[PDB]
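Just so you know, the sequences run in chain order D and G. Take the first sequence: its letters are residues 1 to 59, numbered as in this note's numbering. Take the second sequence: its letters are residues 60 to 108, numbered as in this note's numbering. Beta carbons are placed, not taken as given, at the ideal position from N, Cα and C, and that holds for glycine.
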Amino acid sequence: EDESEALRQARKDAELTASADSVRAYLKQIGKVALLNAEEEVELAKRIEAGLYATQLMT
Amino acid sequence: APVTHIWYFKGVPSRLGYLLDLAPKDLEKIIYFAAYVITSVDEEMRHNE
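Next comes the structure, spelled out in structure tokens:
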């Protein structure tokens with residue numbers, strides 16, 4: 001079903017796998033983080049700008 | 060970055076596995092970036108903390 005820990009146990013068991021194919025291992029690796037939206041991109045870019053200004057003023 | 064010789068990891072008998080007392084599957088997971096391994100651990104700090 002969609003509950004009772006059967007699906008969760010199957011998912012975690014399949015996630016703790018080998019995947020000897022290097023390309024497939026890389027794909028399963030990238031398939032972790034979710035996608036973003038324009039506001040999140042703008043906020044992240046502002047954070048990077050603040051960080052670079054911070055480090056240049058350190059210098 | 061370092062690399063491991065294929066002869067002493069993949070073969071009839073796994074020489075790296077025999078030397079380190081590690082299963083070949085776990086060794087492949089270690090040297091192919093599929094599983095982390097604990098290089099060393101402290102005893103005094105763990106004991107007193």
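Length of the line joining the Cα atoms of residue i and residue j
i                     : j                     : result
residue 18 (chain D)  : residue 70 (chain G)  : 19 Å
residue 11 (chain D)  : residue 22 (chain D)  : 20 Å
residue 38 (chain D)  : residue 48 (chain D)  : 15 Å
residue 95 (chain G)  : residue 51 (chain D)  : 31 Å
residue 92 (chain G)  : residue 46 (chain D)  : 33 Å
residue 102 (chain G) : residue 108 (chain G) : 10 Å
residue 100 (chain G) : residue 20 (chain D)  : 29 Å
residue 6 (chain D)   : residue 28 (chain D)  : 21 Å
Residue i classed as buried or exposed, judged by whether at least 16 other C-beta atoms fall within 10 angstroms
i                    : result
residue 78 (chain G) : exposed
residue 86 (chain G) : buried
Chain D within 8 Å of residue i, Cβ atoms only
i                    : result
residue 60 (chain G) : no
residue 82 (chain G) : no
residue 69 (chain G) : no
Interface flag, residue i vs chain G, CB-CB below 8 Å
i                    : result
residue 18 (chain D) : yes
residue 25 (chain D) : yes
Bounding residues of the alpha helix (DSSP H) (the contiguous stretch that carries residue i)
i                    : result
residue 89 (chain G) : 83-90
residue 31 (chain D) : Residue 31 (chain D) -> no alpha helix (DSSP H), and no H or E assigned at all.
residue 78 (chain G) : 74-79
residue 48 (chain D) : 38-58
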